[PDB]
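Next comes just one chain, in structure tokens: the form deposited in one PDB entry.
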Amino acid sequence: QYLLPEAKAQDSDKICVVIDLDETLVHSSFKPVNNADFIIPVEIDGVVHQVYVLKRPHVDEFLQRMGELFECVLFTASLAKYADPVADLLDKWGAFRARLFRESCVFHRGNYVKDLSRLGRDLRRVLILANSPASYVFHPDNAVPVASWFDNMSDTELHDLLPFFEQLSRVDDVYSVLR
């Protein structure tokens, strides 16, 4: 059985975008951060440690617009206990139609790979937004690369990518643009 259910009626017409979390939409740390966007208590082996979460600039406008344009899916190599709470707080618009975590990845040569063929979507209408090439080794032609983000508060990358996504939201085959 495939990773995603059948697309709901308002989604099946649209391109699927699988979206990366860490260093794509946010940067998270165990090391304390003073003006954090949010903080998640996470249990590692019976001990609760605080995860300090920074929101990449323009992420609200990015997720709002992407949820209109696409069937958005969160696909992260991190674990649900960290990533769910993060998504709950990040996703104000119901942009993420589904969530996928580390167990859904494939560990290949030391790296967690998002394997798009397991999705249940026609690959001509699947895109992946990620910050490290290794997460899409199997599907480089489906990828929209993004720089790894940590704390650069004048980064504009998510905002600057939107017109490109406007374009892709409308094509029939994504390989026609990502040749």
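Numbers for residues come from their place in the sequence shown, where the first is 1.
We do not show the form solved in complex with a partner chain, though everything after this point is about it.
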item	value
4.5 Å heavy atom contact, residue 48 to its partner chain in the deposited bound form	no
Its partner chain contact at residue 99 in the deposited bound form, heavy atom, 4.5 Å	no
Proximity of residue 30 to its partner chain in the deposited bound form, heavy atoms at 4.5 Å	yes
Residue 77, heavy atom within 4.5 angstroms of its partner chain in the deposited bound form	yes
All of 22, 44 and 112 within 4.5 Å of its partner chain in the deposited bound form, heavy atom check	yes
Per-stretch contact check against its partner chain in the deposited bound form, the hit in 141 to 149, 22 to 30, 63 to 71, 121 to 129 (non-hydrogen atom, 4.5 angstroms)	22 to 30
